[PDB]
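Q: This is the structure, below, for whatever I ask next.
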Amino acid sequence: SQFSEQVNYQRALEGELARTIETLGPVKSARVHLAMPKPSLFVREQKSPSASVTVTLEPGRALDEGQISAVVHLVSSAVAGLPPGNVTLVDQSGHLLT
Amino acid sequence: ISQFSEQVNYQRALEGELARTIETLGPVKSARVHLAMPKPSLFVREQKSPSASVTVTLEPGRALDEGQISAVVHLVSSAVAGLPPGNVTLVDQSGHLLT
Amino acid sequence: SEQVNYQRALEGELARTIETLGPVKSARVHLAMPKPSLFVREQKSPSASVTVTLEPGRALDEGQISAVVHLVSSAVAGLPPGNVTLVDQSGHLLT
Amino acid sequence: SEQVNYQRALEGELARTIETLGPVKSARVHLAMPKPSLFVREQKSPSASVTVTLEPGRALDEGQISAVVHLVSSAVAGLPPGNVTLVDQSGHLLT
Amino acid sequence: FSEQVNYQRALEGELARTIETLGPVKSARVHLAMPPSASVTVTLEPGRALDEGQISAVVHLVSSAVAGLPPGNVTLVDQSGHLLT
Amino acid sequence: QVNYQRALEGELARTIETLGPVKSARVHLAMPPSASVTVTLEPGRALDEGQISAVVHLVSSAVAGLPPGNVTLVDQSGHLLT
Amino acid sequence: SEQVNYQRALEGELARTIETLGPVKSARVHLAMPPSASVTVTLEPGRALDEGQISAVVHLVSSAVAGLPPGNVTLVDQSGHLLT
Amino acid sequence: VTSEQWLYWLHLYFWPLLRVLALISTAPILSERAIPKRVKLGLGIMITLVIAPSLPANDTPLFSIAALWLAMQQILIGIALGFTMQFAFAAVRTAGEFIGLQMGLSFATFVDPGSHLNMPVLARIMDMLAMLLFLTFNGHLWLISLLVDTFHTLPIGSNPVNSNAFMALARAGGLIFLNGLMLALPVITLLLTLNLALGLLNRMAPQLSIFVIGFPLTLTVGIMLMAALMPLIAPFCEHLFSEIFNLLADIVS
Amino acid sequence: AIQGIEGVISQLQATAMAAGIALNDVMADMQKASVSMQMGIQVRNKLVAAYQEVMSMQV
Amino acid sequence: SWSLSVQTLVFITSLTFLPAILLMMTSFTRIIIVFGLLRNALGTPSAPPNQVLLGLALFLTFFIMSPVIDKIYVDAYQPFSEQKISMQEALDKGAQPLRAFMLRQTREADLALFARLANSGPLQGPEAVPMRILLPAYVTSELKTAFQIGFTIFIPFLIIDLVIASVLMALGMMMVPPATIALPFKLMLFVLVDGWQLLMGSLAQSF
Amino acid sequence: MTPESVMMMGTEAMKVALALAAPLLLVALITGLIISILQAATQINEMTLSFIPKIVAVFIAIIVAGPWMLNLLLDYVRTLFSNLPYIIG
């Protein structure tokens, strides 16, 4: 079904994004969750999509401010109309990096 | 797979992945996420905001930081289209409300 | 049938998480999900009844009562906490 | 048939949880759910009758009667507590 | 849908390919997303810092390869998480 | 179409390499047009200004309605010869 | 496919005739038909093309392409000099 | 005094009336010929009476090409809404007609295409069942509400317009086929197997089969199969209505 | 309005590039409104008739 | 500029010929004939309702006329307000994009036939073809194009029907009608390849 | 009024149709199968002799069970028209 196709697409994008985020030096594993907005049977309204990124770092490999920035840019670009400010980046200890 | 079935399955999958990421968090040993996605009706104006309940089991003595509670809130809220953080409840294994 | 089954599955998962709470040995959740009426003055709203069986002497904390309320309310679209009743194995209303 | 079956399943589960309550040895729940109307006037509130058999001498506390009331009322869409009758094995109205 | 997704995977692949070809660059990873924006991660050879013209040329190539890609929507990052943009 | 695009890219890269100083060429076309050309030069074989101009002309002509100004030429070190 | 193949064949024959011109060792013709042409020639050691030879290359390429305005034919040598 | 400015009232009450009536004449159930014309006109008039005073009044004169552009815009919006809604009933009709044609109910179309002899009675059965379901789910109220709501998104005043958006409605033509296949699928496949079974019988002693034993058996089997399949359309009915509605919401804007 | 003055400057740029009540009034406006309403009704009737003729086709 | 009442009369009179304008001047005939032939191809002459096919053809016609509508808006809708050109010079100026479109979509043979049907010898240039000669020629060209597209649509379904019948005959069956078996396979092929969207894309490309 | 009531309406209606059509269709099918197996046993093959007894059998079917069908369908229609004003919404 189209809905099934859409779910599959969302999952694949999440996977590849996590992949690139891990490949990065300080990152041991990444987990990306995307919330694409939804349609309504009535009323106009955009819901700028949102993303949550959890990173696990290598022992003591703290991410640079520039690094947070670059993660933000990549995730935002990979999602049609994703406003950076709607990307949350968190570490393995629950510290918000963004 | 019915249209309803397709949705329910999507909800279950989202719940699973969210719990997964929450567990990966150091202090968290296991997580359980319940989502309540609402219904549009021709007798109301603003549709009711979705809600989430998150139960975490911590590692022996691994208390969650205020920022840990915050980051959990942010992640769960973002993963649900139009989820107002204030509708995310976070609870431990002893029944203490962390949010 | 599809709806009723959704109800049964949800009730089940909620009871499950509630039992997975230290002091709780078993939980039973009943949901009343109905249809509302507009301009009927005072209508009503979805409601839940939660029965918990505690471990020998494991009394639930006021916070524990609060967290159960939050979880059950959130799991039901538009469930006003005040419509969640929590009761113990002896018939004491915890909410 | 689908509705009648739903009614008898709800009755069964409610009786089940009620028997779980310590003092209760067996429970029997009867629901009277009336015809719905989508006009602008016709409406009637459902009713429940609950018969409990207690363990030898296990009298139900006031709070207990209250919790039974809450559970049964919540499990039935739009069930006004005041329409729940609770009776014991000897025919005493605990309500 | 599949036909489109596959073409995007390809475009991404070829772009990463050319970006690596450049001596300093050891490996490249390109992520696209049209409504467009691009994220480019480069791994450099030990100590092979990219010059300002090097960052510029990468920008130009990626922008041109994507119909209507405004350069300003291309992010270039290194293996350490430094934004070369 | 995609196959036609790939073939054009290949032949253009081919001719660009044929040119002495060029050891290998890579052409990317974006047809809705724009082009990105990466050249690898022979050890120390810097491209002259006229050479850059000729590469531009060839690539622009080979693509229906390609405005030269939308052709980017880059070397193996990431220097924009444009 | 039929068109693309026609384009390739025309390119080949044009390059062929251009090489068959004394000073020319090898030719490469690229056509952009919506037209424009880019011609790269490799000359024999020191065999510079005269003005008329350049003019004749232009004429041939323009004629071989339906509605090709000469001014849209670019001729370049093996060193990247625009003979146009 | 005694002004009663007529042009202001006319311009306030006209264009919303044009849009509401354009939706009425095409929206399903509200566009059925069984309704008397005056009832439809009165419903449009009363809806406009309720809605128009809240909207900002336009001042473009009725004697200008701008008025013609406005009227064309309202007609386009109304017919687009009504037709996008009608697509779901088209899909249900397609599925029903295909189930009926695999019944062998109208075999004369395979030999004389469009020969004035065709009775898609199953298509009509499921079409009217779909209309009953649409009435039950109060889809028409939603249609009226969305007709009102498209103002905030697209005001009466002439506004610029887009393109692939029209394709979307045209591309919705795919849904009629795509969803129809699924509804059938839950029955045609078994019917296919039945026909396959009949083939196995014809691989025995030649002739003496098909057109004499296959037709009644397959007719009865199709009847009881899709009689059992009737409870299945309602979730698919809601799925179809939701698809049409959110496609309309996404593309109208 | 601020946006109104923006529109005024926009129209100036466009020019650059290019380079009590009496019966007499009551009755006249009343008639004008009647005429305009009749014109609107007739034009809509023509449009609706054309649309129904198109949709009553046979493909 | 002539009288306002005469302008109203002419406008309301020209409003009547709107179906004629839609059919003879735009492409609506092509899409409607293509849809009819495609419906005949699948073997179900009433699967999508005639209303739905007509509306889909209408939407396709609106999109494919959107560039011509834009040219009309630039040349006629706008300058009629600024009053640089109005009434005569403009209605004809606004109709000019329609003339360009119909010249683009018309074959030379039909125009030649309709010219020799009107004894219009000195018609030398190709941008001064009168409407009387341009219109029926354009309609005939549209009929030919629609029939060609219908045959191209017919080819794969005919192939599927032939294949199904051949396998039925080879498997030993001599009495089973192949249409009943081949209909669901025709549908699953049409849906799986997503025939509809590619068909509309090709029609838009077909101009 | 509820969609459950509607879909039940369709089901019971079309089961009534099935009950009305099942005797005739089944009689025709049995006659055709019997004639076909007799043809196979006797090695006789003409596509027209199977059409002859089918008409007679199906026409006898109305003689025998026709009153039952007529009484069932009238009862269905009568009950539907009587319950019409109670399933209104």
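Residue numbers start at 1 in each chain; chains themselves are named A, B, ... in the order of the structure tokens; ligands are numbered from 1 in the order shown.
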Both chains have the same sequence, so match all Cα atoms in order, fit chain C onto chain D by least squares, and return it as an mmCIF file with N, CA and C atoms, in the first residue's frame.
A:
data_model
loop_
_atom_site.group_PDB
_atom_site.id
_atom_site.type_symbol
_atom_site.label_atom_id
_atom_site.label_comp_id
_atom_site.auth_asym_id
_atom_site.auth_seq_id
_atom_site.Cartn_x
_atom_site.Cartn_y
_atom_site.Cartn_z
ATOM 1 N N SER C 1 -24.057 -10.982 16.172
ATOM 2 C CA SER C 1 -23.355 -12.033 16.945
ATOM 3 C C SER C 1 -22.036 -11.466 17.471
ATOM 4 N N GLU C 2 -21.277 -10.781 16.614
ATOM 5 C CA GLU C 2 -19.946 -10.267 17.028
ATOM 6 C C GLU C 2 -20.126 -9.381 18.262
ATOM 7 N N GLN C 3 -21.095 -8.467 18.213
ATOM 8 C CA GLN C 3 -21.356 -7.576 19.371
ATOM 9 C C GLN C 3 -21.740 -8.422 20.592
ATOM 10 N N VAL C 4 -22.786 -9.242 20.478
ATOM 11 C CA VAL C 4 -23.271 -10.010 21.659
ATOM 12 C C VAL C 4 -22.074 -10.726 22.287
ATOM 13 N N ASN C 5 -21.212 -11.306 21.455
ATOM 14 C CA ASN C 5 -20.043 -12.060 21.968
ATOM 15 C C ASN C 5 -19.132 -11.094 22.727
ATOM 16 N N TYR C 6 -18.874 -9.922 22.149
ATOM 17 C CA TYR C 6 -18.071 -8.901 22.864
ATOM 18 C C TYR C 6 -18.679 -8.715 24.253
ATOM 19 N N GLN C 7 -19.995 -8.498 24.308
ATOM 20 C CA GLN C 7 -20.685 -8.294 25.610
ATOM 21 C C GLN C 7 -20.359 -9.459 26.547
ATOM 22 N N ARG C 8 -20.588 -10.698 26.097
ATOM 23 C CA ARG C 8 -20.371 -11.864 26.989
ATOM 24 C C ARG C 8 -18.923 -11.843 27.486
ATOM 25 N N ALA C 9 -17.958 -11.658 26.587
ATOM 26 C CA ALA C 9 -16.536 -11.718 27.001
ATOM 27 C C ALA C 9 -16.260 -10.644 28.058
ATOM 28 N N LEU C 10 -16.709 -9.412 27.815
ATOM 29 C CA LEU C 10 -16.497 -8.314 28.794
ATOM 30 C C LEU C 10 -17.130 -8.706 30.137
ATOM 31 N N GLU C 11 -18.446 -8.955 30.158
ATOM 32 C CA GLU C 11 -19.113 -9.385 31.413
ATOM 33 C C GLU C 11 -18.201 -10.379 32.136
ATOM 34 N N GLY C 12 -17.774 -11.429 31.432
ATOM 35 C CA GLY C 12 -16.902 -12.447 32.040
ATOM 36 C C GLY C 12 -15.681 -11.833 32.695
ATOM 37 N N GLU C 13 -14.903 -11.031 31.967
ATOM 38 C CA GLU C 13 -13.638 -10.509 32.557
ATOM 39 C C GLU C 13 -13.941 -9.649 33.791
ATOM 40 N N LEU C 14 -14.997 -8.842 33.707
ATOM 41 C CA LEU C 14 -15.327 -7.951 34.847
ATOM 42 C C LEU C 14 -15.639 -8.821 36.070
ATOM 43 N N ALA C 15 -16.544 -9.788 35.903
ATOM 44 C CA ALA C 15 -16.845 -10.714 37.017
ATOM 45 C C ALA C 15 -15.523 -11.284 37.533
ATOM 46 N N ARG C 16 -14.640 -11.695 36.621
ATOM 47 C CA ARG C 16 -13.361 -12.318 37.037
ATOM 48 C C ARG C 16 -12.636 -11.376 38.001
ATOM 49 N N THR C 17 -12.342 -10.151 37.562
ATOM 50 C CA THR C 17 -11.566 -9.219 38.422
ATOM 51 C C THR C 17 -12.303 -9.012 39.752
ATOM 52 N N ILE C 18 -13.629 -8.895 39.712
ATOM 53 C CA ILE C 18 -14.422 -8.620 40.945
ATOM 54 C C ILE C 18 -14.204 -9.777 41.926
ATOM 55 N N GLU C 19 -14.267 -11.022 41.448
ATOM 56 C CA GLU C 19 -14.008 -12.197 42.323
ATOM 57 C C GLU C 19 -12.585 -12.095 42.868
ATOM 58 N N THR C 20 -11.611 -11.761 42.013
ATOM 59 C CA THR C 20 -10.201 -11.603 42.474
ATOM 60 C C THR C 20 -10.098 -10.526 43.561
ATOM 61 N N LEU C 21 -11.221 -10.084 44.130
ATOM 62 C CA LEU C 21 -11.157 -9.123 45.267
ATOM 63 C C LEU C 21 -11.304 -9.900 46.577
ATOM 64 N N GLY C 22 -10.316 -9.793 47.468
ATOM 65 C CA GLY C 22 -10.313 -10.550 48.738
ATOM 66 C C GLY C 22 -11.678 -11.020 49.213
ATOM 67 N N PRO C 23 -12.608 -10.131 49.626
ATOM 68 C CA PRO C 23 -13.890 -10.532 50.228
ATOM 69 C C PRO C 23 -14.855 -11.268 49.280
ATOM 70 N N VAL C 24 -14.631 -11.229 47.965
ATOM 71 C CA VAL C 24 -15.551 -11.737 46.939
ATOM 72 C C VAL C 24 -15.172 -13.165 46.557
ATOM 73 N N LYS C 25 -16.122 -14.088 46.714
ATOM 74 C CA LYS C 25 -15.993 -15.505 46.359
ATOM 75 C C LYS C 25 -16.390 -15.801 44.914
ATOM 76 N N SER C 26 -17.430 -15.133 44.425
ATOM 77 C CA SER C 26 -17.869 -15.204 43.030
ATOM 78 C C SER C 26 -18.623 -13.936 42.661
ATOM 79 N N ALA C 27 -18.516 -13.496 41.415
ATOM 80 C CA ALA C 27 -19.218 -12.328 40.907
ATOM 81 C C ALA C 27 -19.994 -12.669 39.633
ATOM 82 N N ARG C 28 -21.075 -11.906 39.429
ATOM 83 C CA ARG C 28 -21.908 -12.054 38.207
ATOM 84 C C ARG C 28 -22.232 -10.642 37.713
ATOM 85 N N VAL C 29 -21.858 -10.296 36.481
ATOM 86 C CA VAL C 29 -22.059 -8.979 35.889
ATOM 87 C C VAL C 29 -23.012 -9.128 34.713
ATOM 88 N N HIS C 30 -24.043 -8.291 34.686
ATOM 89 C CA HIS C 30 -24.966 -8.158 33.569
ATOM 90 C C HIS C 30 -24.891 -6.742 33.031
ATOM 91 N N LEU C 31 -24.618 -6.613 31.736
ATOM 92 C CA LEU C 31 -24.550 -5.335 31.047
ATOM 93 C C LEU C 31 -25.780 -5.158 30.161
ATOM 94 N N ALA C 32 -26.357 -3.965 30.177
ATOM 95 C CA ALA C 32 -27.387 -3.560 29.236
ATOM 96 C C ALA C 32 -26.836 -2.417 28.382
ATOM 97 N N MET C 33 -26.264 -2.774 27.229
ATOM 98 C CA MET C 33 -25.712 -1.838 26.247
ATOM 99 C C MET C 33 -26.715 -1.627 25.099
ATOM 100 N N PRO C 34 -27.430 -0.468 25.063
ATOM 101 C CA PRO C 34 -28.464 -0.210 24.061
ATOM 102 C C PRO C 34 -28.159 0.928 23.079
ATOM 103 N N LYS C 35 -29.182 1.489 22.422
ATOM 104 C CA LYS C 35 -28.992 2.634 21.483
ATOM 105 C C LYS C 35 -29.749 3.841 22.035
ATOM 106 N N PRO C 36 -29.138 5.040 22.086
ATOM 107 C CA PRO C 36 -29.773 6.205 22.688
ATOM 108 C C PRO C 36 -30.651 7.009 21.728
ATOM 109 N N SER C 37 -31.401 7.961 22.278
ATOM 110 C CA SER C 37 -32.301 8.800 21.451
ATOM 111 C C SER C 37 -32.073 10.275 21.788
ATOM 112 N N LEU C 38 -31.866 11.107 20.763
ATOM 113 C CA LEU C 38 -31.584 12.548 20.979
ATOM 114 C C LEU C 38 -32.882 13.353 20.942
ATOM 115 N N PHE C 39 -33.009 14.356 21.810
ATOM 116 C CA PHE C 39 -34.196 15.255 21.789
ATOM 117 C C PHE C 39 -35.451 14.441 22.118
ATOM 118 N N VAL C 40 -35.280 13.408 22.938
ATOM 119 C CA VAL C 40 -36.459 12.642 23.437
ATOM 120 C C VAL C 40 -36.627 13.079 24.899
ATOM 121 N N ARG C 41 -36.293 14.344 25.194
ATOM 122 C CA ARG C 41 -36.351 14.849 26.589
ATOM 123 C C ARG C 41 -35.403 13.995 27.418
ATOM 124 N N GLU C 42 -35.937 13.292 28.412
ATOM 125 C CA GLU C 42 -35.111 12.364 29.225
ATOM 126 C C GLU C 42 -34.969 11.047 28.469
ATOM 127 N N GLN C 43 -33.780 10.769 27.938
ATOM 128 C CA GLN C 43 -33.553 9.476 27.249
ATOM 129 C C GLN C 43 -33.277 8.394 28.293
ATOM 130 N N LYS C 44 -32.011 8.009 28.470
ATOM 131 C CA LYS C 44 -31.601 6.945 29.429
ATOM 132 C C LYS C 44 -30.109 6.722 29.177
ATOM 133 N N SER C 45 -29.558 5.524 29.424
ATOM 134 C CA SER C 45 -28.089 5.352 29.259
ATOM 135 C C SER C 45 -27.712 3.887 29.517
ATOM 136 N N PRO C 46 -26.497 3.423 29.145
ATOM 137 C CA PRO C 46 -26.077 2.051 29.450
ATOM 138 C C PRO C 46 -26.194 1.759 30.955
ATOM 139 N N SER C 47 -26.424 0.491 31.317
ATOM 140 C CA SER C 47 -26.593 0.156 32.741
ATOM 141 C C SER C 47 -25.945 -1.187 33.058
ATOM 142 N N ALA C 48 -25.570 -1.380 34.321
ATOM 143 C CA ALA C 48 -24.948 -2.610 34.791
ATOM 144 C C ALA C 48 -25.578 -3.083 36.108
ATOM 145 N N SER C 49 -25.708 -4.400 36.249
ATOM 146 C CA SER C 49 -26.079 -5.050 37.501
ATOM 147 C C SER C 49 -25.004 -6.050 37.886
ATOM 148 N N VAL C 50 -24.486 -5.901 39.095
ATOM 149 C CA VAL C 50 -23.396 -6.697 39.641
ATOM 150 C C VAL C 50 -23.924 -7.409 40.873
ATOM 151 N N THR C 51 -23.879 -8.735 40.862
ATOM 152 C CA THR C 51 -24.171 -9.553 42.037
ATOM 153 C C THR C 51 -22.878 -10.166 42.535
ATOM 154 N N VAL C 52 -22.568 -9.970 43.809
ATOM 155 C CA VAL C 52 -21.390 -10.554 44.457
ATOM 156 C C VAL C 52 -21.820 -11.562 45.507
ATOM 157 N N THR C 53 -21.082 -12.662 45.587
ATOM 158 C CA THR C 53 -21.145 -13.597 46.709
ATOM 159 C C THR C 53 -19.902 -13.389 47.544
ATOM 160 N N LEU C 54 -20.080 -13.070 48.821
ATOM 161 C CA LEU C 54 -18.972 -12.805 49.734
ATOM 162 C C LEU C 54 -18.518 -14.077 50.455
ATOM 163 N N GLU C 55 -17.259 -14.094 50.882
ATOM 164 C CA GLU C 55 -16.749 -15.129 51.778
ATOM 165 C C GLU C 55 -17.473 -15.087 53.142
ATOM 166 N N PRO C 56 -17.694 -16.227 53.841
ATOM 167 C CA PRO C 56 -18.443 -16.211 55.101
ATOM 168 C C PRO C 56 -18.166 -14.990 55.993
ATOM 169 N N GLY C 57 -19.058 -13.993 55.982
ATOM 170 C CA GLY C 57 -18.916 -12.838 56.895
ATOM 171 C C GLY C 57 -18.033 -11.730 56.350
ATOM 172 N N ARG C 58 -17.549 -11.869 55.115
ATOM 173 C CA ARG C 58 -16.619 -10.859 54.547
ATOM 174 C C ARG C 58 -17.418 -9.672 53.997
ATOM 175 N N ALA C 59 -17.910 -8.788 54.874
ATOM 176 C CA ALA C 59 -18.710 -7.615 54.436
ATOM 177 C C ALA C 59 -17.836 -6.661 53.609
ATOM 178 N N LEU C 60 -18.395 -6.073 52.546
ATOM 179 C CA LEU C 60 -17.599 -5.184 51.654
ATOM 180 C C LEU C 60 -17.516 -3.788 52.271
ATOM 181 N N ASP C 61 -16.355 -3.129 52.228
ATOM 182 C CA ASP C 61 -16.186 -1.768 52.818
ATOM 183 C C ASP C 61 -16.873 -0.720 51.930
ATOM 184 N N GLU C 62 -17.241 0.448 52.482
ATOM 185 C CA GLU C 62 -17.814 1.513 51.623
ATOM 186 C C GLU C 62 -16.837 1.795 50.484
ATOM 187 N N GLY C 63 -15.543 1.848 50.795
ATOM 188 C CA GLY C 63 -14.547 2.012 49.722
ATOM 189 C C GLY C 63 -14.659 0.868 48.731
ATOM 190 N N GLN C 64 -14.878 -0.349 49.234
ATOM 191 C CA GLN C 64 -14.964 -1.530 48.338
ATOM 192 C C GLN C 64 -16.153 -1.315 47.404
ATOM 193 N N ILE C 65 -17.270 -0.856 47.962
ATOM 194 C CA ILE C 65 -18.448 -0.560 47.108
ATOM 195 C C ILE C 65 -18.032 0.477 46.062
ATOM 196 N N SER C 66 -17.219 1.463 46.450
ATOM 197 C CA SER C 66 -16.854 2.576 45.541
ATOM 198 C C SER C 66 -15.951 2.054 44.422
ATOM 199 N N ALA C 67 -14.940 1.252 44.763
ATOM 200 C CA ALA C 67 -13.981 0.737 43.761
ATOM 201 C C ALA C 67 -14.691 -0.188 42.766
ATOM 202 N N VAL C 68 -15.571 -1.070 43.249
ATOM 203 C CA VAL C 68 -16.347 -1.920 42.300
ATOM 204 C C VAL C 68 -17.061 -0.986 41.321
ATOM 205 N N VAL C 69 -17.763 0.008 41.862
ATOM 206 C CA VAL C 69 -18.506 0.961 40.988
ATOM 207 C C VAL C 69 -17.535 1.494 39.938
ATOM 208 N N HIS C 70 -16.425 2.086 40.375
ATOM 209 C CA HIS C 70 -15.484 2.713 39.411
ATOM 210 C C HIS C 70 -15.110 1.703 38.328
ATOM 211 N N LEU C 71 -14.628 0.522 38.714
ATOM 212 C CA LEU C 71 -14.165 -0.465 37.705
ATOM 213 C C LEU C 71 -15.282 -0.734 36.695
ATOM 214 N N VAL C 72 -16.464 -1.121 37.181
ATOM 215 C CA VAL C 72 -17.540 -1.500 36.217
ATOM 216 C C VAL C 72 -17.838 -0.312 35.300
ATOM 217 N N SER C 73 -17.973 0.889 35.864
ATOM 218 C CA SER C 73 -18.327 2.081 35.049
ATOM 219 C C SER C 73 -17.272 2.291 33.959
ATOM 220 N N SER C 74 -15.993 2.271 34.334
ATOM 221 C CA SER C 74 -14.907 2.509 33.353
ATOM 222 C C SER C 74 -14.947 1.444 32.254
ATOM 223 N N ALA C 75 -15.188 0.179 32.609
ATOM 224 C CA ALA C 75 -15.101 -0.888 31.578
ATOM 225 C C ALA C 75 -16.180 -0.775 30.486
ATOM 226 N N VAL C 76 -17.159 0.103 30.676
ATOM 227 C CA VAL C 76 -18.277 0.199 29.695
ATOM 228 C C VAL C 76 -18.270 1.613 29.115
ATOM 229 N N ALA C 77 -18.057 1.722 27.804
ATOM 230 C CA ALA C 77 -17.978 3.060 27.180
ATOM 231 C C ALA C 77 -19.188 3.883 27.625
ATOM 232 N N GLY C 78 -18.942 5.048 28.226
ATOM 233 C CA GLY C 78 -20.044 5.939 28.637
ATOM 234 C C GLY C 78 -20.976 5.286 29.635
ATOM 235 N N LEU C 79 -20.439 4.605 30.650
ATOM 236 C CA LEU C 79 -21.331 4.059 31.706
ATOM 237 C C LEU C 79 -21.327 5.031 32.888
ATOM 238 N N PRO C 80 -22.441 5.743 33.148
ATOM 239 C CA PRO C 80 -22.519 6.644 34.292
ATOM 240 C C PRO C 80 -22.597 5.843 35.597
ATOM 241 N N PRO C 81 -21.592 5.943 36.496
ATOM 242 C CA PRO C 81 -21.576 5.156 37.725
ATOM 243 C C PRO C 81 -22.990 4.967 38.285
ATOM 244 N N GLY C 82 -23.715 6.068 38.463
ATOM 245 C CA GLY C 82 -25.068 5.992 39.033
ATOM 246 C C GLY C 82 -25.979 4.922 38.413
ATOM 247 N N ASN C 83 -25.621 4.364 37.247
ATOM 248 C CA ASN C 83 -26.356 3.277 36.590
ATOM 249 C C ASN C 83 -25.751 1.889 36.875
ATOM 250 N N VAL C 84 -24.829 1.789 37.836
ATOM 251 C CA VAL C 84 -24.263 0.522 38.302
ATOM 252 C C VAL C 84 -24.937 0.146 39.613
ATOM 253 N N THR C 85 -25.594 -1.006 39.630
ATOM 254 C CA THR C 85 -26.204 -1.566 40.841
ATOM 255 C C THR C 85 -25.347 -2.713 41.352
ATOM 256 N N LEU C 86 -24.966 -2.683 42.629
ATOM 257 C CA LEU C 86 -24.209 -3.750 43.286
ATOM 258 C C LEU C 86 -25.071 -4.390 44.371
ATOM 259 N N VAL C 87 -25.235 -5.705 44.323
ATOM 260 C CA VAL C 87 -26.091 -6.480 45.231
ATOM 261 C C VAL C 87 -25.314 -7.672 45.788
ATOM 262 N N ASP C 88 -25.659 -8.076 47.015
ATOM 263 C CA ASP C 88 -24.975 -9.229 47.656
ATOM 264 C C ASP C 88 -25.780 -10.518 47.449
ATOM 265 N N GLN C 89 -25.267 -11.643 47.945
ATOM 266 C CA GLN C 89 -25.924 -12.955 47.832
ATOM 267 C C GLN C 89 -27.260 -13.081 48.588
ATOM 268 N N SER C 90 -27.549 -12.164 49.508
ATOM 269 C CA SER C 90 -28.792 -12.105 50.291
ATOM 270 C C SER C 90 -29.817 -11.123 49.723
ATOM 271 N N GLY C 91 -29.473 -10.398 48.656
ATOM 272 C CA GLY C 91 -30.341 -9.406 48.028
ATOM 273 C C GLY C 91 -30.229 -8.001 48.627
ATOM 274 N N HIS C 92 -29.228 -7.713 49.467
ATOM 275 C CA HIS C 92 -28.984 -6.349 49.935
ATOM 276 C C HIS C 92 -28.291 -5.541 48.841
ATOM 277 N N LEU C 93 -28.881 -4.396 48.515
ATOM 278 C CA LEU C 93 -28.284 -3.410 47.631
ATOM 279 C C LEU C 93 -27.123 -2.715 48.365
ATOM 280 N N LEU C 94 -25.898 -2.927 47.887
ATOM 281 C CA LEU C 94 -24.672 -2.343 48.438
ATOM 282 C C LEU C 94 -24.413 -0.929 47.897
ATOM 283 N N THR C 95 -24.937 -0.674 46.695
ATOM 284 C CA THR C 95 -24.805 0.671 46.069
ATOM 285 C C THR C 95 -25.999 1.543 46.460
#
Q: So which residues of chain F fall under alpha helix (DSSP H) by DSSP, listed as an MDAnalysis selection string?
A: chainID F and resid 2:18 49:62
Q: Do you have, as a Markdown table, the list of residues of chain J lying at most 12 Å from chain E, each with its nearest atom pair and that distance in Å to one decimal, counting only C-alpha atoms and ordered by chain then number?
A:
| residue | atom | partner | partner_atom | distance |
| --- | --- | --- | --- | --- |
| J:193 | CA | E:3 | CA | 11.4 |
| J:194 | CA | E:1 | CA | 10.4 |
| J:197 | CA | E:1 | CA | 11.4 |
Q: Which polymer residues have any atom within 7 Å of an atom of range 33-38 of chain E, counting only C-alpha atoms, with same-chain residues fewer than 5 positions away left out, as a list in words?
A: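 So, after excluding close chain neighbours, the residues are residues 77, 78, 79, 80 and 81 of chain A; 69, 73, 74 and 75 of chain E.
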Q: Kindly give the distance, in Å, that separates CA of residue 170 in chain H and CA of residue 62 in chain J, rounded to a single decimal.
A: 10.3 Å
Q: Can you pull out every residue from chain G that DSSP, working from the backbone, puts in strand (DSSP E), and format the result as a count of residues only?
A: 21
Q: Give me, as a PyMOL selection string, all polymer residues having an atom no more than 8 Å from range 61-68 of chain H, counting only C-alpha atoms and skipping those fewer than 2 positions away in the same chain.
A: (chain H and resi 59+70-72+158) or (chain I and resi 36+39-40) or (chain J and resi 77)
